[PDB]
Amino acid sequence: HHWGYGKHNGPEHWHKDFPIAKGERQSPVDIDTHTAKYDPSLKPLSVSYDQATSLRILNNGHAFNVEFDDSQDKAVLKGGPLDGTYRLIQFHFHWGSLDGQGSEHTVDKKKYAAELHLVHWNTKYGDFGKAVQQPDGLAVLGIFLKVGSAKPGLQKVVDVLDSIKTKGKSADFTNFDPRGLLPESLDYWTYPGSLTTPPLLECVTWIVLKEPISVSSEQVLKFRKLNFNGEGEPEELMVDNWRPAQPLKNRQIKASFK
Ligand SMILES: [N]S(=O)(=O)[C][C]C1234B567B89%10B%11%12%13B85%14B%1158B%12%11%15B%139%12B%1061B%12%112C5%153B%14874
Ligand SMILES: [Zn+2]
């Protein structure tokens, strides 16, 4: 009886195994755009993905992860609210059963069809597993997806999903360029928070881009054909793998833009 997203094991149950679920700096949150203060001390964000080396794509039973070789400083996030250098380890998405829900962060209560998370770890801690134990260990870049025109840069991901339909399946996935998933503007909100899945560790500087990317209905429909279950188990479609907004508590959301 492991955590997931259903009636009996979904987000409202996670606190029993992970009591930090009711903590002081949980994610996601609603971004109240009128209360987020512009902070002229924030820097432009520096997204340097030119040398990113993807390795593999995995269905882990709650999303699919595109994993990168993080053994050298190749794809890094710095600047913005961050001190130092954070290395890209993987990306994944959260999505809905329908286009009206799916994102984890909301914007004045607006839910997007999906949300992309590019996960990075602070190189001062040497590895991912050590970084998640530190309040400034991770930087997650959040990008909203709306349904409209196709994102050409997403198609290579969409087209491999039929090869990893079920939990535990993986496929080598080289030479994918994550620059093709970015919007035009790098205007962002930022706030201190957590992983949005168990273990829910309070180790994340969140950087959520204001500008959504557009993906096609066909693209997101292919996300919805994945399965939470393993091969030869009863089919449970991989949909609604999002945690709802959590209490902001004693936190300020800062905007990089006026
Ligand atoms: N949704 S999120 O806050 O970006 C959590 C991403 C992950 B990465 B892999 B383990 B590593 B740990 B667990 B697994 B994926 B979930 C948390 B992180
Ligand atoms: Zn995520």
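FYI, side chains are in, hydrogens and waters are out, and symmetry mates aren't considered; it's all heavy atoms of this structure. Residue numbers start at 1 and run along the sequence shown. Counting convention: from 1, in listed order, for ligands and their atoms alike.
For atom 18 (B) of ligand 1, the nearest non-hydrogen atom from the set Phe93, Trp206, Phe91, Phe128 belongs to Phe128.
Residue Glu231 places its CD atom among 12 or fewer non-hydrogen atoms of other residues, nucleotides or ligands, all under 6.0 Å distant. Atom CD of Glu211 sits in a crowded spot, with more than 12 heavy atoms from other residues, nucleotides or ligands closer than 6.0 Å. Around atom NZ of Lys111, no more than 12 heavy atoms belonging to other residues, nucleotides or ligands sit under 6.0 Å away. Within 6.0 Å of NZ on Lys74 lie more than 12 heavy atoms contributed by other residues, nucleotides or ligands.
The Zn ion (ligand 2) lies closest to atom ND1 when only the N/O/S atoms of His117 are considered.
Taking 4.0 Å as the cut-off, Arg243 does not count as a neighbour of ligand 1 on heavy-atom distance.
Of the N or O atoms in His62, none lie within a sub-3.5 Å distance of an N or O in ligand 1.
No side-chain heavy atom of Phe91 sits less than 4.5 Å from a side-chain heavy atom of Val119.
Distance from atom 1 (N) of ligand 1 to its nearest protein heavy atom, with residue and atom name: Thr196 OG1, 2.9 Å. In this structure, the protein non-hydrogen atom closest to atom 6 (C) of ligand 1 is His92 CE1, 3.5 Å. Of all protein heavy atoms, the one closest to atom 8 (B) of ligand 1 is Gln90 NE2, 3.6 Å.
Ligand 1 places these atoms under 4.0 Å from at least one heavy atom of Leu195: 3 (O). Close contacts between ligand 1 and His94 involve ligand atoms 1 (N) [criterion: under 4.0 Å to a heavy atom]. Under a 4.0 Å criterion applied to the non-hydrogen atoms of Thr197, ligand 1 contributes the atoms 5 (C), 13 (B), 16 (B), 17 (C). Within ligand 1, the atoms closer than 4.0 Å to a non-hydrogen atom of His117 are 1 (N), 4 (O), numbered from 1 in the order shown. Listed by atom number, the atoms of ligand 1 under 4.0 Å from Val119 heavy atoms are 4 (O).
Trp121 and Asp70 share a side-chain donor-acceptor pair at under 3.5 Å.
Residues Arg179 and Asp177 are paired through a salt bridge, judged by an N-O separation under 4.0 Å between the basic side chain and the carboxylate.
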Exercise for the section: Show your working on side chain to side chain donor-acceptor pair (under 3.5 Å) between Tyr112 and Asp99 and close with a plain yes or no. Expected result: CA-CA 7 Å; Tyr112 288 86; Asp99 302 344; over 6 Å; no

Practice task
May I have the step-by-step check of ring-ring contact (aromatic ring centres under 6.0 Å, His included) for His105 and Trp189, ending in yes or no?
Solution key: CA-CA 11 Å; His105 293 91; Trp189 295 288; 9.5 Å; no

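Taking a distance limit of 4.0 Å, we find that atom 4 (O) of ligand 1 is approached by some protein heavy atom.
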